[PDB]
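Quick notes on the structure that follows.
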Amino acid sequence: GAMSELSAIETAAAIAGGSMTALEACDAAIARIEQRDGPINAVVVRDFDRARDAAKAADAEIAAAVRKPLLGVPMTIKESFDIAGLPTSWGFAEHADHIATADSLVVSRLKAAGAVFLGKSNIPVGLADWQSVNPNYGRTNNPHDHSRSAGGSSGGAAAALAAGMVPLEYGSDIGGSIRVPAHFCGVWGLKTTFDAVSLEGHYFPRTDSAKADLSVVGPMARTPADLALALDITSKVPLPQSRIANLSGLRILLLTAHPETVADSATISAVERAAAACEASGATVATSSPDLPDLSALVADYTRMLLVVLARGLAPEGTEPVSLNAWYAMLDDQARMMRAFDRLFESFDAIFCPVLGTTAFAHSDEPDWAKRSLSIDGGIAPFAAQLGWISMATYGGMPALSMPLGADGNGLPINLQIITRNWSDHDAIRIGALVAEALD
């Protein structure tokens with residue numbers, strides 16, 4: 001782009017080399033937020049006074065010859081992550097004054113690498129939407145078109161990255177809440193392998209309960225290099241690095257259709273263009289496989305588990321809740337689906353497919369997804385069916401990258417979803433980096 005910002009790694013290098021100080025990096029980011037966040041409303045919790053103190057402490061370490069991978073790099077994090085001294089509300093008015101007393105694990109890891117947290121980014125109520133709007137902070141608007149959703153639930157994070165306010169962010173994903181905002185705002189987002197990164201401190205307000213199923217946390221940035229560094233900083237253990245040097249020989253499964261939902265022409269064309277660029281770089285592309293799992297059964301099973309997980313096994317009055325024994329059977333079903341993808345990835349290195357079937361939708365005041373619809377090539381389509389596109393990685397557990405491809409006819413970003421086998425998170429990042437090179 002013509003107007004650019006330093007990446008997270010470039011900022012740390014500029015501080016380590018002495019071309020700028022950590023306090024200057026912090027003050028520059030504070031200025032971008034105050035200058036740009038007016039019409040976007042992404043950074044809704046601000047901690048600028050304590051951040052400047054941390055930036056000064058970072059410059060103290062720099063002078064003492066200390067070097068850390070993110071030393072002095074300013075960032076924000078999704079509001080649902082605990083930071084000691086800041087509220088964690090999940091957009092609930094009842095929890096607006098719930099102040100965390102300890103940093104979450106991800107925050108602690110990033111701080112130990114030297115990062116400076118300026119504040120936290122906006123979310124929908126209960127993290128339960130592909131928008132970012134709540135009565136505590138208001139609505140986040142897509143920086144590419146203020147009339148469209150920024151995505152959710154990590155939508156404030158993606159908007160702050162798209163507007164260049166900070167180079168690094170971190171979100172959570174149970175129904176696409178990392179991939180979808182990255183796609184709506186045209187930035188990079190890694191849905192990580194299930195259980196690869198600790199959710200400690202991503203607590204429902206006033207509890208120490210984090211989701212034990214489907215949900216993952218993962219980095220968001222504007223470069224694949226920043227994603228890989230942030231992944232290595234926050235992983236439970238160091239994950240296998242990628243040995244993929246180029247696209248020659250890579251085996252890609254290209255999917256632009258789903259038995260339970262649809263993609264529009266611009267999205268289909270964009271995902272196809274990415275596969276063709278890899279084919280021109282020596283990769284092999286298939287458009288079907290007998291080992292592809294039953295995507296229709298997958299979305300139905302994923303949805304039943306998702307609803308149970310979201311309700312904590314509570315049923316509406318009158319109806320009978322799912323029994324614990326039935327829950328154990330559901331996990332067996334999921335494990336069986338995970339192994340089906342294992343077999344698929346014996347033949348393929350990656351699946352290429354849409355993140356969602358269309359670009360960022362107009363702001364919706366309808367809280368019930370069953371009462372929402374979407375425009376696909378001027379045609380009306382069901383909203384909730386779009387869950388099919390993100391269900392594979394969430395239910396199967398695979399890592400999935402959301403990376404910029406381009407924009408549609410209205411300038412709204414379109415991202416590609418790159419799905420690789422469990423624990424190959426660095427492959428997903430690396431393939432995305434190679435795809436971006438192949439497109440330029």
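Each chain in the structure tokens gets a letter, A, B and so on, in the order shown; residues start at 1 in every chain, and ligands are counted from 1 in the order they appear.
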
Cut-off 6 Å: closest region 394-422 of chain A/region 187-211 of chain A atom pairs per residue, using only C-alpha atoms, as a tab-separated table:
```
residue	atom	partner	partner_atom	distance
A:397	CA	A:194	CA	4.9
A:398	CA	A:193	CA	5.1
A:399	CA	A:193	CA	4.4
A:400	CA	A:191	CA	5.0
A:401	CA	A:190	CA	4.6
A:402	CA	A:189	CA	5.1
A:403	CA	A:188	CA	4.7
A:404	CA	A:187	CA	5.9
A:422	CA	A:193	CA	5.6
```

Subject >> residue 296 (chain A) environment, 9 Å, only C-alpha atoms, sequence neighbours closer than 6 positions dropped, as a PyMOL selection string >> reply: chain A and resi 258-260+388

Using the selection just defined, write its residues with N, CA and C atoms as an mmCIF file, in the first residue's frame.
```cif
data_model
loop_
_atom_site.group_PDB
_atom_site.id
_atom_site.type_symbol
_atom_site.label_atom_id
_atom_site.label_comp_id
_atom_site.auth_asym_id
_atom_site.auth_seq_id
_atom_site.Cartn_x
_atom_site.Cartn_y
_atom_site.Cartn_z
ATOM 1 N N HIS A 258 -19.749 -25.502 -1.008
ATOM 2 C CA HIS A 258 -20.042 -26.190 0.236
ATOM 3 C C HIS A 258 -21.475 -26.697 0.153
ATOM 4 N N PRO A 259 -21.726 -27.942 0.562
ATOM 5 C CA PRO A 259 -23.075 -28.507 0.390
ATOM 6 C C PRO A 259 -24.161 -27.773 1.159
ATOM 7 N N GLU A 260 -23.811 -26.948 2.149
ATOM 8 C CA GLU A 260 -24.811 -26.308 2.994
ATOM 9 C C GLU A 260 -24.815 -24.785 2.919
ATOM 10 N N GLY A 388 -20.707 -22.926 7.753
ATOM 11 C CA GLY A 388 -20.076 -24.070 7.120
ATOM 12 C C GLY A 388 -18.638 -23.825 6.706
#
```

**OP:** Would you return as a list in words the members of region 208-356 of chain A that DSSP assigns to strand (DSSP E) on this structure's backbone?
**Re:** residues 216, 217, 218, 219, 220, 221, 251, 252, 253, 254, 284, 285, 286, 350, 351, 352, 353 and 354 of chain A

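Proximity to residue 261 (chain A) was assessed for A:157, A:133, A:385, A:350 counting only C-alpha atoms; the smallest distance is recorded for A:385.
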
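The list of residues with at least one atom within 12 Å of residue 369 (chain A), based on only C-alpha atoms and without residues fewer than 5 positions apart in the same chain, reads residues 128, 129, 130, 131, 364, 374, 382, 383, 384, 385, 386 and 387 of chain A.
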
Only N, CA, C and O atoms, please: the residues just picked out, written as a compact mmCIF listing (two decimals), in the first residue's frame.
```
# COMPACT_ATOMS: atom_id res chain seq x y z
N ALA A 128 -20.40 -13.19 20.71
CA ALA A 128 -21.30 -14.10 20.02
C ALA A 128 -21.80 -13.54 18.70
O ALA A 128 -22.97 -13.73 18.33
N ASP A 129 -20.94 -12.87 17.93
CA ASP A 129 -21.39 -12.31 16.67
C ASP A 129 -20.20 -12.09 15.75
O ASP A 129 -19.06 -11.98 16.19
N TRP A 130 -20.50 -12.02 14.44
CA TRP A 130 -19.57 -11.53 13.44
C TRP A 130 -19.65 -10.01 13.27
O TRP A 130 -19.48 -9.50 12.15
N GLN A 131 -19.95 -9.30 14.35
CA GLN A 131 -19.84 -7.85 14.44
C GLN A 131 -19.16 -7.54 15.76
O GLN A 131 -18.97 -8.42 16.59
N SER A 364 -25.90 -4.86 11.30
CA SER A 364 -27.16 -5.52 11.62
C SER A 364 -27.52 -5.28 13.07
O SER A 364 -26.69 -5.45 13.97
N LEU A 374 -28.17 -12.51 3.96
CA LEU A 374 -27.01 -11.93 3.30
C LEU A 374 -27.29 -11.78 1.82
O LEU A 374 -28.12 -12.49 1.24
N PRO A 382 -29.31 -17.38 3.40
CA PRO A 382 -29.35 -17.43 4.87
C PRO A 382 -28.02 -17.03 5.48
O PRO A 382 -26.95 -17.38 4.97
N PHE A 383 -28.10 -16.30 6.59
CA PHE A 383 -26.89 -15.84 7.28
C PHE A 383 -26.17 -17.01 7.95
O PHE A 383 -24.99 -17.27 7.67
N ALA A 384 -26.87 -17.72 8.83
CA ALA A 384 -26.23 -18.70 9.69
C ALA A 384 -25.59 -19.84 8.92
O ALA A 384 -24.65 -20.46 9.42
N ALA A 385 -26.06 -20.13 7.70
CA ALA A 385 -25.48 -21.22 6.92
C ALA A 385 -24.00 -20.99 6.62
O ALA A 385 -23.27 -21.96 6.42
N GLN A 386 -23.56 -19.73 6.60
CA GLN A 386 -22.16 -19.41 6.34
C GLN A 386 -21.21 -20.00 7.37
O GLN A 386 -20.00 -20.04 7.12
N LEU A 387 -21.72 -20.47 8.51
CA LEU A 387 -20.89 -21.19 9.48
C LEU A 387 -20.18 -22.38 8.85
O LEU A 387 -19.14 -22.81 9.37
```

Original post:
So which residues touch residue 101 (chain A) within 9 Å, counting only C-alpha atoms, skipping near sequence neighbours fewer than 5 positions away, as a list in words?
Top reply: residues 82, 83, 84, 85 and 86 of chain A

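Excluding residue 286 (chain A) itself and any same-chain residue fewer than 6 positions from it, the protein and nucleic acid residues within 10 Å of it, counting only C-alpha atoms, are residues 251, 252, 253, 254, 255, 275, 348 and 351 of chain A.
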
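Comparing the minimum interatomic distances between residue 288 (chain A) and each of A:352, A:48, A:117, A:389, counting only C-alpha atoms, we find that A:352 sits nearest.
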
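The space separating CA of residue 292 (chain A) from CA of residue 354 (chain A) comes to 16.1 Å.
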
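Pairwise distance (CA of residue 4 (chain A), CA of residue 185 (chain A)) equals 15.4 Å.
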